[PDB]
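Chemist: Dumping the structure here so I can ask a few things about it.
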Amino acid sequence: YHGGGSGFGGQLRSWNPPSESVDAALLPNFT
Amino acid sequence: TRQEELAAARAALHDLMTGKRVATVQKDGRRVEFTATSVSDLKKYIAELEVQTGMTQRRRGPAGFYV
Amino acid sequence: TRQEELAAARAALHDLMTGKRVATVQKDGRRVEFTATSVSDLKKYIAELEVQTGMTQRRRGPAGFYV
Amino acid sequence: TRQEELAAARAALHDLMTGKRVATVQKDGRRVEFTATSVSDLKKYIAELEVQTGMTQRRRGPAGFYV
Amino acid sequence: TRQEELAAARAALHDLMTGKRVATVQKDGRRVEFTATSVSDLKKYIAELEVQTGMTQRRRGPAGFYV
Amino acid sequence: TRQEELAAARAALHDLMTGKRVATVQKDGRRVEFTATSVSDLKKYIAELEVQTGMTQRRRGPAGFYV
Amino acid sequence: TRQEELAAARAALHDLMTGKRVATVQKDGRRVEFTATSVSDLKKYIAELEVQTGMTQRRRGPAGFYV
Amino acid sequence: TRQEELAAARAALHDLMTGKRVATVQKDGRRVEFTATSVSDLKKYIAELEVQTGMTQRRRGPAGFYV
Amino acid sequence: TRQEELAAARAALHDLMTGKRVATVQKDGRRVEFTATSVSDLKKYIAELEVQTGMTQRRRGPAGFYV
Amino acid sequence: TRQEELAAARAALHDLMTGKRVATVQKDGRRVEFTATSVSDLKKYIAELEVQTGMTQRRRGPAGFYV
């Protein structure tokens, strides 16, 4: 595909969401 | 003679803007007057001369954007 | 007689820009004064004579666009 | 006799352009002044006396378009 | 008796614009000067006397359109 | 040679500001005049020379916001 | 050396303000004229270096509203 | 030295206001000139140093409204 | 000492008004050139010193309307 | 002393208007000039003291309207 890779001329070039478990993405700052 | 004339022009700009663009000179029995130029024109002349000259980078191709 | 013409005109532009276009001279009784021009008009004269003369391409056509 | 002033005025322009159009000259009681003319009206005077004389083509009939 | 003034006017036009309309003279006690006219009005003056004189057409009328 | 160039400009500013930048000097038979430049021109010139030279930071980047 | 010349600049403003900014001075064949600045330019100029130096506050962080 | 500075500037206004500010003074072979400051600018200067010095109040904080 | 300047200023106003405000008095080898101010700002100075002077009333509290 | 003040103003207007406002005099090195005054402000000056002094009514108030 094309959307997920880099984006239209940079676009979201630096956007790198760290795919993790929902607990790994919620529990740290859960409180 | 690009480098020579560019350096000469820069030095002329420096002395002119500080104190030393001799407008006219008179010694009793004789006098001459060198014409006076602006400063923005001299600066843009300097800029075009240097970008024409084989010196290093001075400009950048616009700019991009990214989140 | 255009190449030496353009060379002399460019030298005149350079000296006028820096310090060396004398407008009025005078020797204790004998004096002359020359009409003074601008800088932009002189530069455009330089440009038009240079493009008319046998010197090679300097200004290109309009820029296109591709995705 | 149109090319003579064509050459004369064109030569005068370059004479005017660089440094040499004498506005006035004085010699110890013998002095005359010549009225000055700007470069613009001078060039726009150069712009027609040559086209009405047998000078070569220099203007073209508008411009067409085609896909 | 209009052609000579027309000739005089354009002759006055040519030298005035190049270098040779004397604004004032000086003879160490015998000096005079004249009012200086612009170049725009002179071109109008030569134009209006040009048409009124027995010279033929120079500027036609309107313009036609057809497909 | 930028550092002393800045220092000269630094000096050339303050002296001009108060009383010291002399327009011209006359010595009964010998005199020279220098073109006067705007105070704004000095500040622009001294600033751009200041930023380009080796001295430390003066102006930072654009300011952000946060609640 | 900022502070002492800052006071001198302040003094020069006071001298300029009332009557004491000497523009030119003439002796028998000896004259010099210094370049003359405005008043506002000096006022902002003196304002420029008083903030940069260590003297007391003259500026405060805007102003907020409470009720 | 503010208090006498107040007196000096205030007096400097008065004599200038009527007739008595000397723009320049000439004694044969020895003349000096002073830059002619405006009148409005001085009053701002007059207004500026009186409030900043220990002089008493001269202006109060806006004005409310009541029915 | 308000009345001193107040009387002096109005006398100067009248003096300046008709013919007597002398900007320069010349005696051979002795030139003294005073500065001059406009009539308006002169009246403004008149308009200020008298109201802060405890003289008679000259101002009124706007104007209300009654049917 | 308003009446003679007014009387002096009256002649001041009339003499200035016709031919008699003396700009300057010159007694072979004993010369003096006076600051010129406009005509409107003088009329304004002559207007204000006219009503201000005990002179008769010269301008009534508003204007009614009846069918």
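Each chain of the structure tokens is named A, B, ... in the order shown, its residues numbered from 1; ligands are numbered from 1 in display order.
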For chain F, list the residues within 6 Å of chain G, counting only C-alpha atoms, and write the list as JSON, numbers by chain.
Modeler: {"F": [18, 21, 22, 23, 24, 25, 26, 27, 28]}
Chemist: Can I get the selection written as a PDB file, in the first residue's frame, with C-alpha atoms?
Modeler:
ATOM      1  CA  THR F  18      25.265  61.285  19.901  1.00  0.00           C
ATOM      2  CA  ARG F  21      29.897  61.234  12.929  1.00  0.00           C
ATOM      3  CA  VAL F  22      31.225  64.225  11.017  1.00  0.00           C
ATOM      4  CA  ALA F  23      29.468  64.967   7.741  1.00  0.00           C
ATOM      5  CA  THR F  24      32.354  67.008   6.345  1.00  0.00           C
ATOM      6  CA  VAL F  25      35.499  68.884   7.336  1.00  0.00           C
ATOM      7  CA  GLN F  26      36.866  72.093   5.821  1.00  0.00           C
ATOM      8  CA  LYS F  27      40.440  73.334   6.227  1.00  0.00           C
ATOM      9  CA  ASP F  28      40.509  76.606   4.242  1.00  0.00           C
TER      10      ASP F  28
END
Chemist: Any chance you could fit chain I onto chain C with least squares, all Cα atoms in order, and share the moved copy as an mmCIF file with C-alpha atoms, in the first residue's frame?
Modeler:
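Output file superposed30.cif follows:
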data_model
loop_
_atom_site.group_PDB
_atom_site.id
_atom_site.type_symbol
_atom_site.label_atom_id
_atom_site.label_comp_id
_atom_site.auth_asym_id
_atom_site.auth_seq_id
_atom_site.Cartn_x
_atom_site.Cartn_y
_atom_site.Cartn_z
ATOM 1 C CA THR I 1 30.648 46.367 -31.344
ATOM 2 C CA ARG I 2 28.330 45.077 -28.637
ATOM 3 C CA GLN I 3 31.059 43.872 -26.282
ATOM 4 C CA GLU I 4 32.634 47.334 -26.221
ATOM 5 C CA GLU I 5 29.656 49.048 -24.603
ATOM 6 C CA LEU I 6 28.688 45.880 -22.711
ATOM 7 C CA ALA I 7 32.087 45.790 -21.029
ATOM 8 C CA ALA I 8 32.063 49.578 -20.704
ATOM 9 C CA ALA I 9 28.592 49.647 -19.171
ATOM 10 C CA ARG I 10 29.286 46.913 -16.621
ATOM 11 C CA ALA I 11 32.586 48.605 -15.806
ATOM 12 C CA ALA I 12 30.634 51.841 -15.420
ATOM 13 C CA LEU I 13 28.103 49.949 -13.301
ATOM 14 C CA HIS I 14 30.875 48.759 -11.001
ATOM 15 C CA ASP I 15 32.552 52.166 -11.174
ATOM 16 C CA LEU I 16 29.314 53.939 -10.293
ATOM 17 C CA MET I 17 28.549 51.273 -7.711
ATOM 18 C CA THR I 18 31.425 51.786 -5.297
ATOM 19 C CA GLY I 19 32.658 55.372 -5.331
ATOM 20 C CA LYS I 20 34.001 56.470 -8.666
ATOM 21 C CA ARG I 21 31.141 57.868 -10.766
ATOM 22 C CA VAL I 22 32.213 61.515 -10.789
ATOM 23 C CA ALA I 23 29.415 63.902 -11.721
ATOM 24 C CA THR I 24 31.691 66.957 -11.900
ATOM 25 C CA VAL I 25 35.440 67.556 -12.105
ATOM 26 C CA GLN I 26 36.604 71.043 -11.162
ATOM 27 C CA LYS I 27 39.829 72.761 -12.131
ATOM 28 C CA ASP I 28 40.153 76.485 -11.453
ATOM 29 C CA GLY I 29 38.167 78.198 -14.188
ATOM 30 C CA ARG I 30 37.112 74.834 -15.676
ATOM 31 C CA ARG I 31 33.919 73.131 -14.478
ATOM 32 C CA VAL I 32 32.456 70.181 -16.376
ATOM 33 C CA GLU I 33 29.289 68.695 -14.884
ATOM 34 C CA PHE I 34 28.071 65.389 -16.262
ATOM 35 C CA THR I 35 24.576 64.060 -15.775
ATOM 36 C CA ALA I 36 23.859 61.017 -13.627
ATOM 37 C CA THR I 37 21.383 58.158 -13.934
ATOM 38 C CA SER I 38 19.948 55.822 -11.336
ATOM 39 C CA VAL I 39 21.298 52.337 -10.736
ATOM 40 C CA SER I 40 18.053 50.648 -11.799
ATOM 41 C CA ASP I 41 17.679 52.093 -15.299
ATOM 42 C CA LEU I 42 21.423 51.598 -15.681
ATOM 43 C CA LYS I 43 20.846 47.905 -15.021
ATOM 44 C CA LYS I 44 17.957 48.012 -17.492
ATOM 45 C CA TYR I 45 20.380 49.220 -20.151
ATOM 46 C CA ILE I 46 22.631 46.396 -18.987
ATOM 47 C CA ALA I 47 19.569 44.141 -19.082
ATOM 48 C CA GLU I 48 18.948 44.928 -22.750
ATOM 49 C CA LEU I 49 22.192 45.140 -24.717
ATOM 50 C CA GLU I 50 23.515 41.780 -23.529
ATOM 51 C CA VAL I 51 20.418 39.740 -24.368
ATOM 52 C CA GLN I 52 20.340 41.120 -27.906
ATOM 53 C CA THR I 53 24.053 40.308 -27.848
ATOM 54 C CA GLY I 54 24.786 36.747 -28.882
ATOM 55 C CA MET I 55 26.332 35.864 -25.524
ATOM 56 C CA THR I 56 25.463 32.897 -23.282
ATOM 57 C CA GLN I 57 21.925 31.999 -22.234
ATOM 58 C CA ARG I 58 20.434 34.017 -19.389
ATOM 59 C CA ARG I 59 16.674 33.402 -19.713
ATOM 60 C CA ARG I 60 14.416 30.368 -19.511
ATOM 61 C CA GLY I 61 10.960 29.389 -20.680
ATOM 62 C CA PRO I 62 8.739 29.772 -17.608
ATOM 63 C CA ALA I 63 8.361 26.674 -15.431
ATOM 64 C CA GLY I 64 6.042 23.699 -15.778
ATOM 65 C CA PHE I 65 4.837 21.482 -12.955
ATOM 66 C CA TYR I 66 4.866 17.710 -12.660
ATOM 67 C CA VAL I 67 3.510 15.633 -9.802
#
Chemist: Once DSSP has gone over the backbone, tell me which residues of region 1-59 of chain D are in alpha helix (DSSP H), as a PyMOL selection string.
Modeler: chain D and resi 3-18+39-52
Chemist: Assign secondary structure with DSSP using the backbone only, and return the residues of chain C in strand (DSSP E) as a short mmCIF file (atom, residue, chain, number, x, y, z; two decimals) with N, CA and C atoms, in the first residue's frame.
Modeler:
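What follows is the written file states-v2.cif:
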data_model
loop_
_atom_site.label_atom_id
_atom_site.label_comp_id
_atom_site.auth_asym_id
_atom_site.auth_seq_id
_atom_site.Cartn_x
_atom_site.Cartn_y
_atom_site.Cartn_z
N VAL C 22 32.35 59.98 -11.26
CA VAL C 22 32.50 61.39 -10.96
C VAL C 22 31.48 62.18 -11.76
N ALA C 23 30.68 62.99 -11.07
CA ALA C 23 29.67 63.80 -11.74
C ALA C 23 30.21 65.16 -12.16
N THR C 24 30.91 65.83 -11.26
CA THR C 24 31.40 67.18 -11.50
C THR C 24 32.90 67.24 -11.28
N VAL C 25 33.61 67.86 -12.22
CA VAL C 25 35.03 68.12 -12.06
C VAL C 25 35.26 69.61 -12.28
N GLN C 26 36.34 70.12 -11.70
CA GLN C 26 36.61 71.55 -11.76
C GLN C 26 38.09 71.78 -11.53
N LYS C 27 38.69 72.63 -12.37
CA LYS C 27 40.10 73.00 -12.24
C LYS C 27 40.20 74.52 -12.30
N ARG C 30 37.97 75.99 -15.06
CA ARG C 30 37.40 75.06 -16.02
C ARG C 30 36.70 73.95 -15.25
N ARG C 31 35.40 73.80 -15.48
CA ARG C 31 34.61 72.80 -14.79
C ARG C 31 33.60 72.20 -15.75
N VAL C 32 33.29 70.93 -15.52
CA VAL C 32 32.25 70.23 -16.27
C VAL C 32 31.39 69.45 -15.30
N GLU C 33 30.14 69.24 -15.69
CA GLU C 33 29.18 68.46 -14.92
C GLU C 33 28.42 67.56 -15.87
N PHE C 34 28.21 66.31 -15.46
CA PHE C 34 27.51 65.33 -16.27
C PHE C 34 26.16 65.01 -15.65
#
Chemist: Using CA of residue 26 (chain A) and CA of residue 3 (chain A) as the two end points, give the distance in Å to one decimal.
Modeler: 26.3 Å
Chemist: Calculate how many Å separate CA of residue 1 (chain A) from CA of residue 13 (chain A), rounding to one decimal.
Modeler: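 Those two atoms sit 15.2 Å apart.
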Chemist: Hey, what's within 12 Å of region 15-19 of chain A if we count only C-alpha atoms and toss same-chain stuff fewer than 6 positions away? As a ChimeraX atom specification, please?
Modeler: /A:4-7,25 /B:66-67
Chemist: Could you write those residues out with N, CA and C atoms, as a CSV table (one decimal), in the first residue's frame?
Modeler:
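Contents of result03.csv, as written:
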chain,number,residue,atom,x,y,z
A,4,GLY,N,0.0,3.8,4.6
A,4,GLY,CA,0.7,3.5,5.9
A,4,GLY,C,2.1,3.8,5.9
A,5,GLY,N,2.8,3.8,4.7
A,5,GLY,CA,4.2,3.8,4.6
A,5,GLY,C,4.9,5.1,5.1
A,6,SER,N,4.7,6.2,4.3
A,6,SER,CA,5.4,7.5,4.6
A,6,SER,C,4.5,8.7,4.4
A,7,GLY,N,3.5,8.6,3.6
A,7,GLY,CA,2.6,9.8,3.4
A,7,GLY,C,3.0,10.6,2.2
A,25,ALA,N,-0.6,0.6,26.6
A,25,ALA,CA,-0.9,2.0,26.2
A,25,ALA,C,-1.8,2.7,27.1
B,66,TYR,N,5.8,18.9,7.8
B,66,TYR,CA,5.5,17.5,8.1
B,66,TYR,C,5.0,17.5,9.6
B,67,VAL,N,4.0,16.7,9.9
B,67,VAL,CA,3.5,16.6,11.2
B,67,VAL,C,4.6,15.8,12.1
Chemist: Would you kindly report the residues of chain A within 9 Å of chain B, using only C-alpha atoms, as an MDAnalysis selection string?
Modeler: chainID A and resid 9:15
